[PDB]
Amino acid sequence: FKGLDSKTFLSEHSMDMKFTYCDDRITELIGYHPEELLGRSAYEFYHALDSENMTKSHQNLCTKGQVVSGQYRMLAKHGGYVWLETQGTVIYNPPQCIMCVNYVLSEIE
């Protein structure tokens, strides 16, 4: 059994969805080292069956400014998938970046 903080991690993305920062907690949970994620779009990692739903959730984030993703799968580093729910927030300036608070719903499947 894991405590809430240990299943949560933050990530930051450019408006093109590429990772620009990820907390080190992701490593224990999904296998990735943060620096290997950098410069790759979120889209590289969604299961095929979640892809279209994520595109619609992204539109909503861009029109509303904040969105909760609802349940999706991230490809894990050594294959299989982990279920996540994310709260996304756009940071706008003087859009600049997207901040994601990511909560793991499952082990690697």
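When you see a residue number, it is the position in the sequence shown, counting from 1.
- Looking at the other PDB entries for this protein, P94 is absent from the model in a third or more of those that include the residues around it.
- Between the stretches 52 to 60 and 35 to 43, it is 52 to 60 that shows the larger average CA temperature factor.
- In this crystal structure, the stretch out of 62 to 70 and 24 to 32 whose C-alpha atoms carry the higher mean B factor is 62 to 70.
- Out of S11, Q87, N93, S14, it is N93 whose C-alpha atom has the highest B-factor in the PDB entry.
- Looking at the C-alpha B-factors along this chain, the one for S6 belongs to the middle third.
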